[PDB]
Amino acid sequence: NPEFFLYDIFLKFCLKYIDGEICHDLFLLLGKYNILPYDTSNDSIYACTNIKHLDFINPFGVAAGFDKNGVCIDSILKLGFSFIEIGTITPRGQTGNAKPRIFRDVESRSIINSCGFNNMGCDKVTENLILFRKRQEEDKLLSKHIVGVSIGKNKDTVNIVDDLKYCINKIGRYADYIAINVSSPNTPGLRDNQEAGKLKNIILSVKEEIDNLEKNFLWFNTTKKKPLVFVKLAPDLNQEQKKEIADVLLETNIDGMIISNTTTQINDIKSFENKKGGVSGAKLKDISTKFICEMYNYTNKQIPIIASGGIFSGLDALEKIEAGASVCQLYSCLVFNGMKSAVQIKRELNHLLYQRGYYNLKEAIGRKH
């Protein structure tokens, strides 16, 4: 498309001279005024995918933390993504940790960030999403797109479940699915909530609040159904903990599990030495894919997987799919490849299934095993 490629020229300049968050702000500003490129081409019906009754028109979305406030949904989706996960949001607004809090190593295609759940808050983001859903009702290019909401807790909150209830009660009826973020490394003490008991109570409380929205049309979202419940897991756990978690998720009946968030155990990027925050990008790819393989077995194939971590190429995506993933989220690939990310990776993925003899994307899930 003539429009996508023009932004590629500025991409290398930005990654070299401009601060990361200015780049983020500009991208949100471009999309706010609908001057970002569009991809209105039909997607391969053999590349479509689904999680339960959620039907994704293609297997690529944008991971949480990119449009943390839902102010740029239309333009991002129209870049060629099937869905976007907004958030992570909290009940009360937060400015996050001090800036600068985002750093990029172009050579390794890696990012380290210490944002700290900066967001307008549930109320304002809820307003933004309500505005999007109204625009969705009048734009054909948005009728089949999916919007999930990642929810979290304020830094000063003590109990996580209390904050999760507020988000569900206010933005729950506008979300196609809810992602439980208990894996951020930039808010103290959160990852400790991944212990089985606490995670079990979290999932039941989140699933209880969603089911209770009906009791007290209701679903002003894409599906017209109640939102599914997903959990995003951190990769820095030992094997016994992963086993407990798998047992919890299945027992609690989780609709899916995102794998994964950022990691804190990587220490071989020279420009990131002595910096706080979680690391994203290519270096996280192989680590995350194994977390899927492990969890996919621990779950006995009964819990769908959503892949997030170092996905840059169509083959990187098929590695995630064949490992057990049903859909993929991008974040760093967007940062380092830009407006063309979705078009390039969708074209590459279609080329791949053709050579490998697959009938459709569904045939590839877990074929690695």
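Residues carry their position along the shown sequence, with the first being 1. C-alpha atoms forming the largest set that superposes within 1.5 Å between two forms make up the rigid core.
In a rigid core superposition of the other structures in 9 other deposited structures of this protein, 272 to 280 and 160 to 168 differ in how far their CA atoms stray, and the farther one is 272 to 280. The higher RMS C-alpha distance to the shown form in 9 other deposited structures of this protein, out of 5 to 13 and 21 to 29, belongs to 5 to 13, with every structure fitted on the core. Count the deposited residues lacking coordinates between residue 238 and residue 239 and you get none at all. Relative to its counterpart among 245 to 253 and 280 to 288, 245 to 253 has the higher mean temperature factor, C-alpha atoms as listed in the PDB entry. Stretches 98 to 106 and 269 to 277 differ in mean C-alpha B factor, with the higher average recorded for 269 to 277. Taking the deposited Cα B-factors for 143, 299, 223, 118, the highest one is held by 299.
In the deposited coordinates, the residue among 201, 181, 136, 169 with the greatest CA B-factor is 201. The deposited CA B-factor of residue 163 belongs to the middle third of values across its chain. Among the modelled residues of its chain, residue 124 has a C-alpha B-factor that falls in the lowest third, as given in the PDB entry. Among all modelled residues in this chain, the alpha-carbon of residue 22 has a temperature factor (C-alpha) in the lowest third.
In the PDB entry, residue 44 places in the middle third of its chain by CA B-factor. Compared with the other modelled residues of the chain, the Cα B-factor recorded for residue 309 ranks in the middle third.
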